[PDB]
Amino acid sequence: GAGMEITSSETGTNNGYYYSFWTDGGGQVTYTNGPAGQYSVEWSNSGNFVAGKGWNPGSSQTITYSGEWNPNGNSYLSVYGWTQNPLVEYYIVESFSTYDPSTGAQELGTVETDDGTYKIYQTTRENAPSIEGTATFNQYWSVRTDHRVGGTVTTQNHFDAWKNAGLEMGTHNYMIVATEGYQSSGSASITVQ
């Protein structure tokens, strides 16, 4: 892993961390594992891609992450992952570029944590890609009102706020600090501590 450039989807472990790189193959996307919890990604006229390091299975650990997120166009930086039974894709959005991803989603409240205010939303993806195949599932969103690149994400506070709103969480699959992009270029270099 450490230092090897990859250009198509893979998951594995690198330097004690789980890592997930997924791309639909649009434009160019290059992912690299670095030392410890560090990853780099560079993209150029991308389709949809998700990249980052973390844990499988994810728990309710308080994550600290640092580094650098330089997108040109649509990109989010998030604590990202999935539960099963029910199937749930979830996002704790630290920053987004040119597109608020909670657009067309329904706001269920706010949660204050990690010196932030985060707005809570749910959508339903219908017949979309998933960790268990083409499926119909809820996505949950916590979106920081004041964007940042680096700090503490107390995921327990986001899960409790979702559960508070009546949002079911199943059994935790992976949870990563993810760089996502769509129809953009950019680079990002992020360390999970």
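Sequential numbering from 1, following the sequence displayed.
Engineer: Averaging C-alpha B-factors over each stretch, which comes out higher, 45-53 or 157-165?
Structural biologist: The entry gives the higher C-alpha B-factor average to 157-165.
Engineer: On average, are the C-alpha B-factors higher in 172-180 or in 5-13?
Structural biologist: Going by the record's values, the stretch with the higher mean is 5-13.
Engineer: Highest CA temperature factor in the entry: which of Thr123, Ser75, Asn85, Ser78?
Structural biologist: When the deposited C-alpha B-factors of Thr123, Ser75, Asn85, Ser78 are compared, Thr123 is largest.
Engineer: For the chain shown, is the CA B-factor of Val143 in the lowest, middle or highest third of its modelled residues?
Structural biologist: Lowest third of the chain for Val143's C-alpha B-factor.
Engineer: Which third, lowest, middle or highest, does the C-alpha temperature factor of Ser66 belong to within its own chain?
Structural biologist: Its C-alpha B-factor, which the entry lists for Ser66, ranks in the lowest third among residues of this chain.
Engineer: Sorting the chain's CA B-factors, does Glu94 end up in the lowest, middle or highest third?
Structural biologist: Tercile = lowest for this residue's CA B-factor.
Engineer: So where's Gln28 on the chain's Cα temperature factor ranking, which third?
Structural biologist: According to the entry, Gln28 has a C-alpha B-factor in the chain's highest third.
Engineer: Please rank the C-alpha B-factors of the chain's modelled residues and tell me whether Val149 sits in the lowest, middle or highest third.
Structural biologist: Lowest third, going by the recorded CA B-factors of the chain.
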